[PDB]
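Single chain ahead, written as structure tokens, the form deposited without its partner chain.
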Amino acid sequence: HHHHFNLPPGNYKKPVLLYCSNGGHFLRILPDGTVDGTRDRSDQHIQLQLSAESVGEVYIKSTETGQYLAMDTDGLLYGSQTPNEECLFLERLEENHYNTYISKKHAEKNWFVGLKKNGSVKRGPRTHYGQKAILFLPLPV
């Protein structure tokens, strides 16, 4: 147990857009497996479906391509065709409002899903508690 257990109130009944408070980008998983952010609300690759695998642990899946968000051994996010250990994230409430996603595999290292102000994803080791890059709001599609 390396992290707190404050959980967000939302559920996984329907797909969502994961809006990053840092630069206002939506998390996107492109067909080729690339992960980044875009401000284009009409983009077809920002619709994501979350599912609970265990209380507080989720998969984040592209509804358009079926790919799973995953963080590799060097902290880089990628789209995986199949669910694996790198695809589980600890979904937590942060600052009493936002959702944060910590890599379960690398939870002890405090590696988060984060977006920079320019729309590029942050590498795990460059993220940490306290940043704006790690704060997301799940918006209904």
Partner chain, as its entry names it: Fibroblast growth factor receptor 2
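Numbering follows the first chain given and starts at 1.
On average, are the C-alpha B-factors higher in 61-69 or in 92-100? Higher mean C-alpha B-factor: 61-69.
When the Cα temperature factors in the entry are averaged, is it 41-49 or 107-115 that ends up higher? For C-alpha atoms only, the mean B-factor is higher in 41-49.
State the tercile, meaning the lowest, middle or highest third, of residue 54 with respect to the CA B-factors recorded for its chain. Residue 54: CA B-factor falls in the highest third of its chain.
Within this chain, which third does the Cα B-factor at residue 36 fall in: lowest, middle or highest? Ranked within chain, residue 36 CA B lands in the middle tercile.
Within this chain, which third does the Cα B-factor at residue 22 fall in: lowest, middle or highest? Highest third.
Looking at the C-alpha B-factor of residue 131, is it in the lowest, middle or highest third of its chain? Its C-alpha B-factor belongs to the middle third of this chain's values.
Taking the values exactly as deposited, rank residue 87 by C-alpha B-factor within its chain and report the matching third: lowest, middle or highest. Tercile = lowest for this residue's CA B-factor.
The next section is about a form of this same protein that is not shown, the form solved in complex with its partner chain.
Does residue 98 reach its partner chain in the deposited bound form, with heavy atoms at most 4.5 Å apart? Heavy-atom contact with its partner chain at 4.5 Å: present for residue 98.
Considering only heavy atoms, tell me if residue 116 and its partner chain come within 4.5 Å of each other in the deposited bound form. Although its partner chain is absent here, residue 116 would touch it in the deposited bound form, with heavy atoms inside 4.5 Å.
Hey, which residues along 56-85 are within 4.5 angstroms of its partner chain in the deposited bound form, non-hydrogen atoms only? The stretch 56-85, when checked against its partner chain in the deposited bound form, contributes no residue at the 4.5 Å heavy-atom cut-off.
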